[PDB]
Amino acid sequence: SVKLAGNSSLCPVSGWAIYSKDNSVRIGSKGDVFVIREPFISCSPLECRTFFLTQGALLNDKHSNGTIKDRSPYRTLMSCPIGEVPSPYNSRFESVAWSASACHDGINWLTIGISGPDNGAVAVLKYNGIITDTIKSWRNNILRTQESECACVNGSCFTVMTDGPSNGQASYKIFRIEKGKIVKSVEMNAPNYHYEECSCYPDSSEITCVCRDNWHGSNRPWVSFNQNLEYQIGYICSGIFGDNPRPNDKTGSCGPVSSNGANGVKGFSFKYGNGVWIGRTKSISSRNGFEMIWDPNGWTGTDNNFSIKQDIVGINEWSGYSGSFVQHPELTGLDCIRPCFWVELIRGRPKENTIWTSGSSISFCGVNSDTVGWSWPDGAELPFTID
């Protein structure tokens, strides 16, 4: 076992090849499948796993009732092999959690699970499944984290947490973690910015996080930092607006775009110099569709001009959260960090007539070979028997 280096740059990619699909909701009609949301993928140097927040309940059972609710003492962070349905028969228990992150440093898994009251939640950090640290809410207002993988470089792993309002100014901290122990943290000085649910990836020994402004931004905020937590902040400048909801595409801003800026969805993007690969919903107003868009000047430039779109989920189909995950050279044998992404396909409440909310997932990896657009949606027929 050797620590992941994380010093190479992101692989160049022309399109996105399909990597996995679990069909969780379709299978959970009959099989014993957890009610989940906030899924994400992360890889060790030997496998990729799907992590997820269960609701302590199965699909099509009465305890799925009320699962629109975000935070309870029943929620647990669990994981299973990528592409398999999350069941009690194939899932590893990770942590008690209603917000989470996880990543592998090359030697062992770090998991981060936040539970406890809204006014005093505690993140429990584990390394190889042993508790190695805790951090308690410093603003007493829903201490919360990425809902996607943390990022590792040279034996350290990194994450972002938020505490305070989700509809106004809050407080955002970056953490350096070594063998599950917090060895440094910094509070970002980011007045008028809003960071939620960051998608963070390593690139050339530094971390780049693309997050969600749930306050007053329909473009996405970003924070980038090196191993010592020296950080910079901005918003993606492209007029191909990344959040949901958002306005129609038009001239962008390098600061938060107020139009349709309140609310949001977890997302990601990958920076390539001045260019950006953006994943987003197809609808400007709800969690429908998914597409990947290459804007060669979109990280730093404000026009609404792009060079490539690839369809992922059709406009009339349900999408949800999305996030980055990477495959490092130690896993792939490549000379670059391979970028991949996942999409959560949310079914049930609030859009559909059910007692429950749950999701399935799809994922893709970036390649420089031929790809195609299509739609790979959830495919379950709702409502279910229990509804």
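Quick note: we count residues from 1 along the sequence shown, nothing fancier.
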{"item": "Of 307-315 and 154-162, the one with larger mean CA B-factor", "value": "307-315"}
{"item": "Between the two ranges 202-210 and 298-306, the one averaging a larger CA B factor in the entry", "value": "298-306"}
{"item": "Among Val265, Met78, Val122, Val183 - the residue whose C-alpha B-factor is largest in the record", "value": "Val183"}
{"item": "Selection by C-alpha B-factor (highest) of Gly113, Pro191, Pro88, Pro117", "value": "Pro191"}
{"item": "Ranked C-alpha temperature factor of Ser369 among modelled chain residues, by third", "value": "highest"}
{"item": "Third of chain Cα B-factors occupied by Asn128", "value": "middle"}
{"item": "Chain-wide C-alpha B factor ranking for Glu230, given as lowest, middle or highest third", "value": "highest"}
{"item": "Ranked against its chain, the third holding the CA B-factor of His104", "value": "lowest"}
{"item": "Among modelled residues of the same chain, the CA temperature factor third for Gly252", "value": "highest"}
